[PDB]
>>> print(open('model.csv').read())   # CSV, C-alpha atoms and all ligand atoms
chain,number,residue,atom,x,y,z
A,4,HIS,CA,-44.4,19.2,-2.5
A,5,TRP,CA,-46.4,20.8,-5.4
A,6,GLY,CA,-49.9,21.6,-6.5
A,7,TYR,CA,-52.3,24.2,-7.8
A,8,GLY,CA,-53.5,25.9,-4.6
A,9,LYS,CA,-52.6,29.3,-3.2
A,10,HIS,CA,-49.8,27.8,-1.1
A,11,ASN,CA,-48.1,25.3,-3.4
A,12,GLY,CA,-49.3,26.4,-6.9
A,13,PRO,CA,-47.4,27.7,-10.0
A,14,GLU,CA,-46.1,30.8,-8.3
A,15,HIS,CA,-44.3,28.7,-5.8
A,16,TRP,CA,-42.8,26.1,-8.1
A,17,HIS,CA,-39.6,27.9,-8.9
A,18,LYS,CA,-38.3,27.4,-5.3
A,19,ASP,CA,-37.9,23.6,-5.7
A,20,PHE,CA,-37.7,23.7,-9.5
A,21,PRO,CA,-35.6,26.9,-10.5
A,22,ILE,CA,-36.0,26.0,-14.2
A,23,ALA,CA,-39.6,27.4,-13.7
A,24,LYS,CA,-38.1,30.8,-14.6
A,25,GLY,CA,-36.1,29.4,-17.5
A,26,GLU,CA,-35.8,30.3,-21.1
A,27,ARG,CA,-38.1,27.7,-22.8
A,28,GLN,CA,-41.0,27.2,-20.2
A,29,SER,CA,-44.5,26.1,-21.2
A,30,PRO,CA,-47.3,26.7,-21.7
A,31,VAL,CA,-47.4,30.0,-23.7
A,32,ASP,CA,-50.0,32.2,-25.4
A,33,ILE,CA,-50.2,31.5,-29.1
A,34,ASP,CA,-50.6,34.9,-30.8
A,35,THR,CA,-52.1,33.8,-34.1
A,36,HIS,CA,-50.9,37.0,-35.8
A,37,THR,CA,-47.3,36.4,-34.8
A,38,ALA,CA,-47.1,32.7,-35.7
A,39,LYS,CA,-45.7,32.3,-39.3
A,40,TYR,CA,-46.7,29.4,-41.6
A,41,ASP,CA,-43.6,27.3,-42.2
A,42,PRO,CA,-43.7,25.5,-45.5
A,43,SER,CA,-40.8,23.2,-44.6
A,44,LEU,CA,-42.7,21.5,-41.9
A,45,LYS,CA,-43.1,17.8,-43.0
A,46,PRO,CA,-46.5,16.3,-42.8
A,47,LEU,CA,-47.5,15.2,-39.1
A,48,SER,CA,-48.0,11.5,-38.7
A,49,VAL,CA,-50.0,10.2,-35.8
A,50,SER,CA,-49.8,6.3,-35.7
A,51,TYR,CA,-51.9,5.0,-32.9
A,52,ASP,CA,-53.2,1.7,-34.5
A,53,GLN,CA,-51.4,-0.6,-32.1
A,54,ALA,CA,-51.6,1.5,-28.9
A,55,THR,CA,-51.6,-0.5,-25.8
A,56,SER,CA,-53.0,1.5,-22.8
A,57,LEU,CA,-52.1,-0.1,-19.3
A,58,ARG,CA,-53.8,1.8,-16.5
A,59,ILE,CA,-55.4,5.1,-15.3
A,60,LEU,CA,-54.1,6.8,-12.2
A,61,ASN,CA,-55.2,9.8,-10.1
A,62,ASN,CA,-51.8,11.2,-9.0
A,63,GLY,CA,-53.2,14.0,-6.8
A,64,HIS,CA,-52.4,16.6,-9.6
A,65,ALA,CA,-54.6,15.2,-12.5
A,66,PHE,CA,-55.1,11.7,-13.9
A,67,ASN,CA,-52.8,9.9,-16.3
A,68,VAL,CA,-53.6,7.2,-18.8
A,69,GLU,CA,-50.4,5.1,-19.1
A,70,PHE,CA,-49.3,3.2,-22.2
A,71,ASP,CA,-46.9,0.3,-23.0
A,72,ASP,CA,-44.0,2.1,-24.6
A,73,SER,CA,-41.7,-1.0,-24.8
A,74,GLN,CA,-41.8,-0.9,-28.7
A,75,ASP,CA,-42.9,1.4,-31.6
A,76,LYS,CA,-46.7,0.6,-31.0
A,77,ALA,CA,-48.2,4.2,-30.8
A,78,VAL,CA,-45.8,6.8,-32.3
A,79,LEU,CA,-45.7,10.4,-33.5
A,80,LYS,CA,-43.5,11.4,-36.4
A,81,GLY,CA,-43.2,14.1,-39.0
A,82,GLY,CA,-44.2,17.7,-38.7
A,83,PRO,CA,-41.4,19.4,-36.8
A,84,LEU,CA,-39.9,16.1,-35.5
A,85,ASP,CA,-36.8,14.2,-36.5
A,86,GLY,CA,-37.2,10.6,-35.8
A,87,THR,CA,-39.7,8.6,-33.9
A,88,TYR,CA,-41.5,9.4,-30.6
A,89,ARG,CA,-43.3,6.8,-28.6
A,90,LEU,CA,-46.6,7.5,-26.7
A,91,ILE,CA,-46.1,7.0,-22.9
A,92,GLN,CA,-49.2,8.7,-21.4
A,93,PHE,CA,-52.0,11.2,-21.8
A,94,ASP,CA,-53.4,13.6,-19.3
A,95,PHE,CA,-55.6,16.6,-19.0
A,96,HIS,CA,-55.8,19.9,-17.4
A,97,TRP,CA,-59.2,21.6,-16.7
A,98,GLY,CA,-61.0,24.4,-15.0
A,99,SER,CA,-63.6,25.0,-12.2
A,100,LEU,CA,-65.8,26.7,-14.9
A,101,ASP,CA,-65.8,26.5,-18.7
A,102,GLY,CA,-63.9,29.8,-19.2
A,103,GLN,CA,-60.6,28.5,-17.9
A,104,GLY,CA,-58.7,25.3,-17.8
A,105,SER,CA,-56.3,25.1,-20.8
A,106,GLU,CA,-52.6,25.8,-20.3
A,107,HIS,CA,-51.8,27.1,-23.7
A,108,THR,CA,-54.1,30.0,-24.8
A,109,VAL,CA,-54.8,31.3,-28.3
A,110,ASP,CA,-54.9,35.0,-28.6
A,111,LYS,CA,-55.4,35.0,-24.8
A,112,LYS,CA,-58.4,32.7,-25.1
A,113,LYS,CA,-58.5,30.0,-22.4
A,114,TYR,CA,-60.3,26.8,-23.3
A,115,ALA,CA,-62.2,24.6,-20.9
A,116,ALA,CA,-59.4,22.0,-20.8
A,117,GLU,CA,-56.4,20.8,-22.6
A,118,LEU,CA,-55.3,17.2,-23.3
A,119,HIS,CA,-51.6,16.2,-23.7
A,120,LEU,CA,-50.4,13.1,-25.4
A,121,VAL,CA,-46.8,12.7,-24.2
A,122,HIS,CA,-44.2,11.0,-26.3
A,123,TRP,CA,-40.5,10.3,-26.0
A,124,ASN,CA,-37.7,10.2,-28.6
A,125,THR,CA,-36.8,6.6,-29.2
A,127,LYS,CA,-33.2,7.6,-30.0
A,128,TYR,CA,-32.6,8.0,-26.2
A,129,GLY,CA,-33.9,4.5,-25.3
A,130,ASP,CA,-36.1,5.4,-22.4
A,131,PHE,CA,-38.2,8.3,-21.0
A,132,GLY,CA,-35.8,9.1,-18.1
A,133,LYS,CA,-32.9,9.5,-20.6
A,134,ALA,CA,-35.1,11.5,-23.1
A,135,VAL,CA,-35.8,14.1,-20.4
A,136,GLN,CA,-32.2,14.9,-20.2
A,137,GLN,CA,-32.3,16.0,-23.9
A,138,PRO,CA,-33.5,19.3,-25.5
A,139,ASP,CA,-35.3,17.1,-28.1
A,140,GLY,CA,-36.3,14.3,-25.8
A,141,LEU,CA,-40.2,14.8,-25.7
A,142,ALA,CA,-43.0,15.7,-28.1
A,143,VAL,CA,-46.3,16.6,-26.6
A,144,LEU,CA,-49.4,16.8,-28.8
A,145,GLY,CA,-51.8,19.3,-27.2
A,146,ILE,CA,-55.5,19.4,-27.9
A,147,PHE,CA,-58.0,22.0,-26.6
A,148,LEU,CA,-61.4,21.0,-25.3
A,149,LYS,CA,-64.5,23.3,-25.6
A,150,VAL,CA,-67.9,22.5,-24.2
A,151,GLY,CA,-70.6,21.5,-26.8
A,152,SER,CA,-71.5,18.0,-28.0
A,153,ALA,CA,-70.2,15.0,-26.3
A,154,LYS,CA,-66.9,13.4,-27.4
A,155,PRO,CA,-67.8,9.7,-27.8
A,156,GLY,CA,-64.1,8.6,-27.6
A,157,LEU,CA,-63.7,10.3,-24.2
A,158,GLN,CA,-66.6,8.6,-22.6
A,159,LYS,CA,-64.6,5.5,-21.5
A,160,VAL,CA,-62.4,7.8,-19.6
A,161,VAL,CA,-65.3,9.7,-17.9
A,162,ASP,CA,-67.0,6.6,-16.8
A,163,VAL,CA,-63.9,5.2,-15.0
A,164,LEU,CA,-63.3,8.4,-13.0
A,165,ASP,CA,-65.7,7.3,-10.1
A,166,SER,CA,-63.2,4.5,-9.4
A,167,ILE,CA,-60.2,6.7,-9.0
A,168,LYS,CA,-61.7,9.7,-7.1
A,169,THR,CA,-58.7,10.3,-4.8
A,170,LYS,CA,-55.0,10.6,-5.0
A,171,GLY,CA,-53.2,7.3,-5.3
A,172,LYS,CA,-56.1,5.4,-6.8
A,173,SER,CA,-55.6,3.5,-10.1
A,174,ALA,CA,-57.7,1.3,-12.3
A,175,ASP,CA,-57.1,-1.1,-15.2
A,176,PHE,CA,-57.5,0.8,-18.4
A,177,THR,CA,-56.6,-1.5,-21.1
A,178,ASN,CA,-57.8,-1.5,-24.8
A,179,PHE,CA,-58.4,2.3,-24.8
A,180,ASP,CA,-58.0,3.8,-28.3
A,181,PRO,CA,-56.5,7.3,-28.1
A,182,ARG,CA,-57.4,7.9,-31.8
A,183,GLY,CA,-60.9,8.7,-30.4
A,184,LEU,CA,-59.6,11.9,-28.7
A,185,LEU,CA,-58.4,13.7,-31.9
A,186,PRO,CA,-60.3,16.4,-33.8
A,187,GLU,CA,-60.7,16.1,-37.6
A,188,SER,CA,-57.8,18.5,-38.5
A,189,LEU,CA,-54.1,18.0,-37.7
A,190,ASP,CA,-53.4,21.7,-38.4
A,191,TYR,CA,-51.0,22.8,-35.6
A,192,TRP,CA,-48.7,25.3,-34.0
A,193,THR,CA,-45.3,24.2,-32.8
A,194,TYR,CA,-42.6,25.7,-30.6
A,195,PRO,CA,-39.8,24.4,-28.2
A,196,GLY,CA,-40.8,24.3,-24.6
A,197,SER,CA,-41.0,22.4,-21.4
A,198,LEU,CA,-43.2,20.1,-19.3
A,199,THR,CA,-46.0,22.3,-17.7
A,200,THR,CA,-45.7,20.2,-14.4
A,201,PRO,CA,-42.8,19.9,-12.1
A,202,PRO,CA,-40.0,19.1,-12.8
A,203,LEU,CA,-40.7,21.5,-15.7
A,204,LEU,CA,-37.9,20.0,-17.8
A,205,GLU,CA,-37.1,21.9,-21.0
A,206,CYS,CA,-37.2,18.9,-23.3
A,207,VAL,CA,-40.5,19.3,-25.3
A,208,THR,CA,-41.3,20.0,-28.9
A,209,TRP,CA,-44.9,21.2,-28.5
A,210,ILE,CA,-47.4,20.5,-31.2
A,211,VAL,CA,-50.7,22.2,-30.4
A,212,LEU,CA,-53.6,21.4,-32.6
A,213,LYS,CA,-55.6,24.3,-33.9
A,214,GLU,CA,-59.0,22.6,-33.9
A,215,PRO,CA,-60.4,22.0,-30.4
A,216,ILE,CA,-62.5,18.9,-29.7
A,217,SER,CA,-65.9,19.3,-28.2
A,218,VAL,CA,-66.9,17.5,-25.0
A,219,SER,CA,-70.2,17.8,-23.3
A,220,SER,CA,-71.0,19.7,-20.1
A,221,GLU,CA,-71.7,16.3,-18.4
A,222,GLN,CA,-68.3,15.0,-19.4
A,223,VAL,CA,-66.4,18.0,-18.1
A,224,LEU,CA,-68.5,18.0,-14.9
A,225,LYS,CA,-67.3,14.5,-14.1
A,226,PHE,CA,-63.6,15.6,-14.4
A,227,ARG,CA,-64.4,18.3,-11.7
A,228,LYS,CA,-65.7,15.6,-9.3
A,229,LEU,CA,-62.2,14.1,-8.9
A,230,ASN,CA,-60.2,15.0,-5.8
A,231,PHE,CA,-56.7,16.3,-5.2
A,232,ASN,CA,-56.8,14.8,-1.7
A,233,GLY,CA,-56.3,11.2,-0.7
A,234,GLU,CA,-59.0,8.7,0.6
A,235,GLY,CA,-60.7,9.8,3.7
A,236,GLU,CA,-58.9,13.3,3.8
A,237,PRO,CA,-60.8,16.8,3.6
A,238,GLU,CA,-62.3,17.0,0.1
A,239,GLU,CA,-60.5,19.4,-2.2
A,240,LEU,CA,-62.0,19.1,-5.7
A,241,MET,CA,-59.5,18.6,-8.5
A,242,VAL,CA,-60.1,21.7,-10.6
A,243,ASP,CA,-58.0,24.5,-12.1
A,244,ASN,CA,-55.0,22.2,-12.4
A,245,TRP,CA,-53.4,24.3,-15.1
A,246,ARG,CA,-50.2,26.4,-15.2
A,247,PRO,CA,-50.7,29.8,-16.8
A,248,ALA,CA,-48.9,31.1,-19.8
A,249,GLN,CA,-45.2,31.7,-19.4
A,250,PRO,CA,-42.9,34.2,-21.1
A,251,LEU,CA,-42.2,33.4,-24.8
A,252,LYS,CA,-38.6,34.8,-24.5
A,253,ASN,CA,-36.6,34.3,-27.8
A,254,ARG,CA,-39.0,31.8,-29.2
A,255,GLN,CA,-40.8,31.3,-32.5
A,256,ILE,CA,-44.2,29.7,-32.9
A,257,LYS,CA,-44.6,28.1,-36.3
A,258,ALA,CA,-47.9,27.3,-38.0
A,259,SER,CA,-48.4,24.2,-40.1
A,260,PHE,CA,-51.2,25.8,-42.2
A,261,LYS,CA,-51.9,29.0,-44.2
B,1,LIG,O1,-49.1,17.0,-17.4
B,1,LIG,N1,-48.1,16.1,-17.6
B,1,LIG,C1,-47.8,15.2,-16.6
B,1,LIG,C2,-46.6,14.4,-16.7
B,1,LIG,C3,-45.8,14.5,-17.8
B,1,LIG,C4,-46.3,15.3,-18.9
B,1,LIG,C5,-47.4,16.1,-18.8
B,1,LIG,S1,-48.0,17.0,-20.1
B,2,ZN,ZN,-50.1,17.5,-19.2
>>> encode(input="model.csv", output="structure tokens")
Amino acid sequence: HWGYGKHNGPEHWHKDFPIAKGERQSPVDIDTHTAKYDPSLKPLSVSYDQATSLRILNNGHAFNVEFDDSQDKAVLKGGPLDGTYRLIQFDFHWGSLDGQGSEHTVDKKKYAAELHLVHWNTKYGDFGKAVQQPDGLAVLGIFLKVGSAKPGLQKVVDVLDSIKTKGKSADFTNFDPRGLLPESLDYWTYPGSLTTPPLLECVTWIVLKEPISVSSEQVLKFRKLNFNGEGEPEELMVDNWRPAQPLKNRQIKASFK
């Protein structure tokens, strides 16, 4: 099926997932001199006080931290969004070296990694129905750069040794995703898609301007995970990012002047 290698990577995905070449694919390059401030954006509201994380899972593509989305416990509202979106999971994408790894770029700059907090629109009842809608998902994207350690990421780093290979999972309760945010909620927004197969075109992207800083030792640990399963040839889980896609007839809006 699909991956990030020469033989099954992003340039192959269109064959099983033809929407790969669609009109609202992600990620994109954010050209900061083309994005216009939109003063009608409502303030962004990140409400993660009652977040209930369940489990962390190496899916052979990246790792996912999964949440209880049965009720309005961790939600994203405001900004470009109408209604209420419930947090279902977060995941990351990263590089083999610090000069690549993010999916979105900013003025062609690649960051060392990119975190996605994925939410679905409660008006559609469940995630599977939300991904049949053009406004079904909102993904909060956050860039990582290498500098000082991010304390709130360390509980993730230290569990990685227990989920080295594809198919492994671990309990991951009581994790507070507020610790992954930067200071500022300044953002860019545009309509796009999931950046992983099935590439569905259902996402309102909200990409924070301010990166978070993680230490070299934190990112090094992400690069010790494996794409392969237990006892198979080791293929380090690195460069699990899709490159920028054509912007087509889309507008990127800035929340800030
Ligand atoms: O990378 N990723 C995996 C699953 C669904 C959403 C996202 S952002
Ligand atoms: Zn993602």
>>> residues_around(input="model.csv", residues="region 150-165 of chain A", least_positions_apart="4", cutoff="12 Å", atoms="all atoms listed in the file", output="PyMOL selection string")
chain A and resi 56+58-61+65-68+93-95+97-98+100-104+114-118+169-170+172-186+215-230+241
>>> atom_distance(input="model.csv", atom1="CA of residue 6 (chain A)", atom2="atom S1 of ligand LIG 1 (chain B)")
14.5 Å
>>> closest_atom_pairs(input="model.csv", of="chain A", to="ligand LIG 1 (chain B)", cutoff="6 Å", atoms="all atoms listed in the file", output="Markdown table")
| residue | atom | partner | partner_atom | distance |
| --- | --- | --- | --- | --- |
| A:94 | CA | B:LIG1 | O1 | 5.8 |
| A:119 | CA | B:LIG1 | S1 | 5.2 |
| A:121 | CA | B:LIG1 | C4 | 5.9 |
| A:198 | CA | B:LIG1 | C4 | 5.7 |
| A:200 | CA | B:LIG1 | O1 | 5.5 |
>>> write_last_selection(input="model.csv", atoms="C-alpha atoms", output="compact mmCIF listing (two decimals), keeping the file's coordinate frame")
# COMPACT_ATOMS: atom_id res chain seq x y z
CA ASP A 94 -53.40 13.60 -19.30
CA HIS A 119 -51.60 16.20 -23.70
CA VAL A 121 -46.80 12.70 -24.20
CA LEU A 198 -43.20 20.10 -19.30
CA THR A 200 -45.70 20.20 -14.40
>>> atom_distance(input="model.csv", atom1="CA of residue 122 (chain A)", atom2="CA of residue 142 (chain A)")
5.2 Å
>>> residues_around(input="model.csv", residues="region 246-255 of chain A", least_positions_apart="6", cutoff="6 Å", atoms="only C-alpha atoms", output="MDAnalysis selection string")
chainID A and resid 29:32 106
>>> closest_residue(input="model.csv", among="A:146, A:208, A:190, A:137", to="residue 84 (chain A)", atoms="only C-alpha atoms")
A:208
>>> closest_residue(input="model.csv", among="A:145, A:111, A:11, A:73", to="residue 199 (chain A)", atoms="all atoms listed in the file")
A:145
>>> closest_residue(input="model.csv", among="A:44, A:91, A:148, A:134", to="residue 204 (chain A)", atoms="all atoms listed in the file")
A:134
>>> closest_residue(input="model.csv", among="A:133, A:4, A:45, A:39", to="residue 256 (chain A)", atoms="all atoms listed in the file")
A:39
>>> closest_residue(input="model.csv", among="A:5, A:209, A:88, A:194", to="ligand ZN 2 (chain B)", atoms="only C-alpha atoms and all ligand atoms")
A:209
>>> closest_residue(input="model.csv", among="A:261, A:127, A:18, A:107", to="ligand ZN 2 (chain B)", atoms="only C-alpha atoms and all ligand atoms")
A:107
>>> atom_distance(input="model.csv", atom1="CA of residue 83 (chain A)", atom2="CA of residue 46 (chain A)")
8.5 Å
>>> residues_around(input="model.csv", residues="residue 71 (chain A)", least_positions_apart="6", cutoff="10 Å", atoms="only C-alpha atoms", output="VMD selection string")
chain A and resid 54 to 58 77 89 to 92
>>> residues_around(input="model.csv", residues="residue 28 (chain A)", least_positions_apart="2", cutoff="7 Å", atoms="all atoms listed in the file", output="count of residues only")
8
>>> build_atoms(input="model.csv", residues="region 203-233 of chain A", atoms="N, CA and C atoms", output="CSV table (one decimal), in the frame of the given file")
chain,number,residue,atom,x,y,z
A,203,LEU,N,-40.8,20.3,-14.8
A,203,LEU,CA,-40.7,21.5,-15.7
A,203,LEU,C,-39.5,21.4,-16.7
A,204,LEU,N,-39.2,20.2,-17.1
A,204,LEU,CA,-37.9,20.0,-17.8
A,204,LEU,C,-38.0,20.6,-19.2
A,205,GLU,N,-37.0,21.2,-19.7
A,205,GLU,CA,-37.1,21.9,-21.0
A,205,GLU,C,-36.7,21.0,-22.1
A,206,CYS,N,-37.6,20.0,-22.4
A,206,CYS,CA,-37.2,18.9,-23.3
A,206,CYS,C,-38.3,18.7,-24.4
A,207,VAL,N,-39.2,19.6,-24.5
A,207,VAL,CA,-40.5,19.3,-25.3
A,207,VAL,C,-40.6,20.1,-26.6
A,208,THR,N,-40.8,19.4,-27.7
A,208,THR,CA,-41.3,20.0,-28.9
A,208,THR,C,-42.8,19.9,-28.7
A,209,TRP,N,-43.4,21.1,-28.6
A,209,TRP,CA,-44.9,21.2,-28.5
A,209,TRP,C,-45.5,21.3,-29.9
A,210,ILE,N,-46.6,20.5,-30.0
A,210,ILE,CA,-47.4,20.5,-31.2
A,210,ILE,C,-48.8,20.6,-30.7
A,211,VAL,N,-49.4,21.8,-30.9
A,211,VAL,CA,-50.7,22.2,-30.4
A,211,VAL,C,-51.7,22.3,-31.5
A,212,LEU,N,-52.7,21.5,-31.5
A,212,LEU,CA,-53.6,21.4,-32.6
A,212,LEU,C,-54.5,22.7,-32.6
A,213,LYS,N,-54.7,23.2,-33.8
A,213,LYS,CA,-55.6,24.3,-33.9
A,213,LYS,C,-57.1,24.1,-33.5
A,214,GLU,N,-57.5,22.9,-34.0
A,214,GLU,CA,-59.0,22.6,-33.9
A,214,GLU,C,-59.2,22.0,-32.5
A,215,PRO,N,-60.1,22.6,-31.7
A,215,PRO,CA,-60.4,22.0,-30.4
A,215,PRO,C,-61.3,20.8,-30.6
A,216,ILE,N,-61.4,19.9,-29.6
A,216,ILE,CA,-62.5,18.9,-29.7
A,216,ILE,C,-63.5,19.4,-28.8
A,217,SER,N,-64.8,19.0,-29.1
A,217,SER,CA,-65.9,19.3,-28.2
A,217,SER,C,-66.2,18.2,-27.3
A,218,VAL,N,-66.4,18.5,-26.0
A,218,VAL,CA,-66.9,17.5,-25.0
A,218,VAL,C,-68.2,18.1,-24.4
A,219,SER,N,-69.0,17.2,-23.9
A,219,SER,CA,-70.2,17.8,-23.3
A,219,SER,C,-70.0,18.3,-21.9
A,220,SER,N,-71.0,19.1,-21.4
A,220,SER,CA,-71.0,19.7,-20.1
A,220,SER,C,-70.9,18.6,-19.1
A,221,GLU,N,-71.7,17.5,-19.3
A,221,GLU,CA,-71.7,16.3,-18.4
A,221,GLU,C,-70.3,15.6,-18.3
A,222,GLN,N,-69.6,15.5,-19.5
A,222,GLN,CA,-68.3,15.0,-19.4
A,222,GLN,C,-67.3,15.8,-18.6
A,223,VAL,N,-67.3,17.1,-18.8
A,223,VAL,CA,-66.4,18.0,-18.1
A,223,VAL,C,-66.8,18.0,-16.6
A,224,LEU,N,-68.1,18.0,-16.3
A,224,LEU,CA,-68.5,18.0,-14.9
A,224,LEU,C,-67.9,16.9,-14.1
A,225,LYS,N,-67.8,15.7,-14.8
A,225,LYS,CA,-67.3,14.5,-14.1
A,225,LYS,C,-65.8,14.7,-13.8
A,226,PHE,N,-65.0,15.4,-14.7
A,226,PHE,CA,-63.6,15.6,-14.4
A,226,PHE,C,-63.5,16.4,-13.1
A,227,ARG,N,-64.4,17.4,-12.9
A,227,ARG,CA,-64.4,18.3,-11.7
A,227,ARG,C,-65.0,17.6,-10.5
A,228,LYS,N,-65.3,16.3,-10.5
A,228,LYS,CA,-65.7,15.6,-9.3
A,228,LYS,C,-64.6,14.8,-8.8
A,229,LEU,N,-63.4,14.8,-9.5
A,229,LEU,CA,-62.2,14.1,-8.9
A,229,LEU,C,-61.7,15.0,-7.8
A,230,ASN,N,-60.8,14.4,-6.9
A,230,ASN,CA,-60.2,15.0,-5.8
A,230,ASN,C,-58.7,15.0,-5.9
A,231,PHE,N,-58.2,16.2,-5.4
A,231,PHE,CA,-56.7,16.3,-5.2
A,231,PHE,C,-56.2,15.5,-4.0
A,232,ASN,N,-57.1,15.4,-3.0
A,232,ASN,CA,-56.8,14.8,-1.7
A,232,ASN,C,-56.8,13.3,-1.9
A,233,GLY,N,-56.1,12.6,-0.8
A,233,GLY,CA,-56.3,11.2,-0.7
A,233,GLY,C,-57.5,10.8,0.1
